[PDB]
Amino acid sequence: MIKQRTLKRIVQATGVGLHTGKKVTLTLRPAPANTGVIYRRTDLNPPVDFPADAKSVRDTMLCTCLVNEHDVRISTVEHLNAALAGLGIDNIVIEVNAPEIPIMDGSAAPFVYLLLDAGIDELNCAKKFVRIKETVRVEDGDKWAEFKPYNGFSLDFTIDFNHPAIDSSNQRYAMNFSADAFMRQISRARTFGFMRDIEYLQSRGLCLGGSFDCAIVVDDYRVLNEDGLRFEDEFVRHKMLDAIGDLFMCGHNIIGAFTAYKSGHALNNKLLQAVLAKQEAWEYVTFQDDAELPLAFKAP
């Protein structure tokens, strides 16, 4: 039987928050079966829990955040969340002594190593997948994203970049998901932003943790980062990192074909909720026989 997984040990890392510019201590914890992914703030007293849920997502100007009953928020969860999907973590408690998850280097890669340190612990309970049964499409103007039936997990991302530092050769990335593919092709792709916008926010006391160390930054004409890009198509690669993170907000690996045109947090999540809302459009599945497991979701 393909089992749910959690961490073997508690681990912790430190980093700067994109918003506050302050040191944030991150602590990952093992958790029992079926409890799923939980983000927790410990700066507040008492601590607040934010169960990872498609409904609780809000796409803020900077990255994304989760919201509770009272509109208290925990921010910048999506990159770490993507790494959770990547390494196949089902149950876990994620604590920060601050309003946000550290931004680190702008990618998911630093989280990969952190999770590796924590190790994997298989729990004696079946792991549930969300198998796409019907085609489901959502749009926003000329933008669209859809899930289609397919025995595996694939993503086909196209984003409209009109920037001089992003070539037409590098607007599209497509992959068949797998822990290995995620760690090597996707995890190191950093987030990006426009330099004047960031200057402005920082002049207004926002985005204070922003630096070359946490994001690709471009002016009107070129990438400003001394060392350039980790990939020629690092931008679209990070957008797929973000898509994986968005989709995993439901706490389950999805079996199907993801396709998106100019999609983003808002639209990815809109698809996710649309799919989950239509009862006939999907179903839970478990694998007693380990060999039935689709290629995409085998251990790393």
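Numbers follow the displayed sequence, beginning with 1. Note that the rigid core is defined as the largest set of C-alphas that superpose within 1.5 Å between two forms.
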Taking the root mean square of C-alpha distances over all structures and residues in 5 other deposited structures of this protein, with a rigid core superposition, name the larger of 157-165 and 128-136. 157-165
Once the rigid core is matched, which of the two stretches, 285-293 or 272-280, lies farther off on average in 5 other deposited structures of this protein by C-alpha? 285-293
Higher mean Cα B-factor in the deposited model: 141-149 or 194-202? 141-149
Do the C-alpha atoms of 18-26 or of 285-293 have the higher average B factor in the entry? 285-293
Taking the values straight from the PDB record, which of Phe182, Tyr113, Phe129, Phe161 has the highest C-alpha temperature factor? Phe161
Residue of maximum C-alpha B factor among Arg73, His79, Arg172, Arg230, per deposited coordinates: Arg172
How does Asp220 rank on Cα B-factor within its chain, lowest, middle or highest third? middle
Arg58: which third of its chain by C-alpha temperature factor? highest
Binned into thirds over the chain's modelled residues, the C-alpha B-factor of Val67 lands in the middle
State the tercile, meaning the lowest, middle or highest third, of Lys270 with respect to the CA B-factors recorded for its chain. middle
Can you tell me which third, lowest, middle or highest, the CA B-factor of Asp121 falls into for its chain? middle
